[PDB]
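Both backbone and side-chain heavy atoms feed into the values below; hydrogens, waters and symmetry mates do not. Order of the sequence lines sets the chain letters (A, B, ...), proteins ahead of strands, with each chain counted from 1.
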Amino acid sequence: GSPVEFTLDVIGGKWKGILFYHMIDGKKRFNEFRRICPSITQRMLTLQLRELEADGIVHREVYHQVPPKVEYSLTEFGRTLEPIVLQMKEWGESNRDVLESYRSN
Amino acid sequence: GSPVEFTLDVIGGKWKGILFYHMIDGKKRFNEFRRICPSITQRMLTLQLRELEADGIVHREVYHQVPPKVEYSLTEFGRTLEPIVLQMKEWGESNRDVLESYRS
């Protein structure tokens, strides 16, 4: 399989990039992510986070009180994708206007 | 709108990264892509290349002879995605093993 597509399968799709980006500056609770993406449904957020966890990119820390505290963070392995994610942010910011021109016809 | 998800709209999905990557080293004909990517169907190849062209990433040059030659290439703009695409290639090669070990 293509290594480019292999990477995009880990970080691609509609939500993982956003989720990832917001963990760059530290751990987040589930409700913080819902405020970051008001159109994500709670089942879809849980699924996207489970897949990032399953791939070793995100750590899910559960505190054993009631109701339990749950915190999502980047693993060290996760952080190796940070340069690529930051480049996407920058390229997307820089090029939004010109992508819109090309699309405008 | 997340600028990260903006970029992924352009270069994302199952094929665009592969096709992009294969224009880095020069223009390609349609059948050249099919040989490179045997799993891709002719319909999917056509759509993906049309999406890339609509987005200003790929240039499609038609030579009006019979049968016409068509050549696909990266635009100046398109090549600005190279660091992202190549770095993803490098990450995927480097981290393939660790990632598959997490997936089992």
Undergrad: Which pair of heavy atoms, one from A:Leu8 and one from B:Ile11, lies closest together, and at what distance?
TA: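 A:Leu8 and B:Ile11 have their closest heavy atoms at CD1-O, 3.6 Å.
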Undergrad: Roughly how far apart are B:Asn95 CG and B:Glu90 CD, rounded to 0.5 Å?
TA: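 So the CG of B:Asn95 and the CD of B:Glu90 are separated by 11.0 Å.
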Undergrad: Would you compute the distance between atom CG of B:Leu19 and atom CD of B:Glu32 and round it to the nearest 0.5 angstrom?
TA: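 If I round to the nearest 0.5 Å, the distance is 12.5 Å.
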Undergrad: Could you pull out all residues at least two apart from A:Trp15 that satisfy ring-ring contact (aromatic ring centres under 6.0 Å, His included)?
TA: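 ring-ring contact (aromatic ring centres under 6.0 Å, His included) list for A:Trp15, sorted by chain: empty.
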Undergrad: State whether A:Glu82 and A:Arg79 are salt-bridged, where the test is any N-O pair (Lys NZ or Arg NE/NH1/NH2 against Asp/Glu carboxylate O) under 4.0 Å.
TA: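 Judged by the 4.0 Å cut-off on N to carboxylate O distance, A:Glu82 and A:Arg79 do form a salt bridge.
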Undergrad: In sequence, state the C-alpha distance, the side-chain angles, and the governing distance for A:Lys89 and A:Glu93, and then conclude on salt bridge (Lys or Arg N to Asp or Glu O under 4.0 Å).
TA: CA-CA 6 Å; A:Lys89 177 187 177 287; A:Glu93 271 170 348; 2.6 Å; yes
Undergrad: Please list, chain by chain and in numerical order, all residues satisfying side chain to side chain donor-acceptor pair (under 3.5 Å) with B:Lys14, sequence neighbours excluded.
TA: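 B:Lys14 satisfies side chain to side chain donor-acceptor pair (under 3.5 Å) with no other residue.
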Undergrad: What are the two closest heavy atoms between B:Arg103 and A:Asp9, and how far apart are they?
TA: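 Minimum heavy-atom contact is NH1-OD2, 3.4 Å.
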Undergrad: So which heavy atom on B:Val62 is nearest to which on B:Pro68, and how close?
TA: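 Nearest pair, atom of B:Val62 first, then B:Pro68: CG1-CB, 4.4 Å.
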Undergrad: Would you compute the distance between atom CG of B:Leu49 and atom NZ of B:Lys16 and round it to the nearest 0.5 angstrom?
TA: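 That separation rounds to 10.0 Å.
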Undergrad: Any side-chain heavy atom of B:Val58 sitting closer than 4.5 Å to one from B:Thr75?
TA: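 No, every pair of side-chain atoms sits at 4.5 Å or beyond.
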Undergrad: Would A:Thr46 and A:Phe30 satisfy side chain to side chain contact (heavy atoms under 4.5 Å, CB included), going step by step from the backbone distance to the final call?
TA: CA-CA 8 Å; A:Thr46 297; A:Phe30 191 85; 3.3 Å; yes
Undergrad: Is it true that the NZ or CZ of A:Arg103 lies under 6.0 Å from the centre of B:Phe6's six-membered ring and within 45 degrees of the ring axis?
TA: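 Satisfied, under 6.0 Å and within 45°.
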Undergrad: Taking the side chain as every heavy atom from C-beta outward, state whether A:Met88 and B:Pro3 have any pair of such atoms under 4.5 Å apart.
TA: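 No; the side chains remain at least 4.5 Å from each other.
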Undergrad: Go through the steps to decide whether A:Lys69 and A:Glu61 satisfy the test salt bridge (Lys or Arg N to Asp or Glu O under 4.0 Å), and finish with yes or no.
TA: CA-CA 8 Å; A:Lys69 186 174 190 198; A:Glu61 186 65 31; over 6 Å; no
Undergrad: Pick one: which of A:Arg29, A:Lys27, A:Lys28, A:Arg60 meets side-chain hydrogen bond (donor to acceptor under 3.5 Å, both in side chains) with A:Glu71?
TA: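 Result: among A:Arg29, A:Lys27, A:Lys28, A:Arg60, A:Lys27 is the only option passing the side-chain hydrogen bond (donor to acceptor under 3.5 Å, both in side chains) with A:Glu71.
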Undergrad: Can you see which heavy atom on B:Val4 is nearest to which on A:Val85, and at what distance?
TA: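 Closest approach of B:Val4 to A:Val85, heavy atoms only: CG2-O, 4.0 Å.
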Undergrad: Which atom pair, heavy atoms only, marks the closest approach of B:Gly17 to A:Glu5?
TA: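 Shortest heavy-atom contact: N-OE2, 3.3 Å.
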Undergrad: How far apart are the closest heavy atoms of B:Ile18 and B:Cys37, and which atoms are they?
TA: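 Scanning both residues, the minimum pair turns out to be CD1-SG, 4.1 Å.
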Undergrad: Before accepting this row, confirm whether a basic side-chain N of the pair B:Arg50/B:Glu53 lies closer than 4.0 Å to the acidic partner's carboxylate O.
TA: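 No.
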Undergrad: Do other residues, nucleotides or ligands put more than 12 heavy atoms under 6.0 Å from the CD atom of A:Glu100?
TA: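 More than 12 within 6.0 Å, yes.
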Undergrad: Does B:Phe77 have any ring-ring contact (aromatic ring centres under 6.0 Å, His included) partners at least two apart in sequence or in another chain, and if so, which?
TA: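 Scan of B:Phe77 (ring-ring contact (aromatic ring centres under 6.0 Å, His included), adjacent residues dropped) gives A:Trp91, A:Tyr102.
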Undergrad: In this structure, are over 12 heavy atoms from other groups packed under 6.0 Å from B:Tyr21 atom OH?
TA: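 Check fails, neighbour count at 12 or below.
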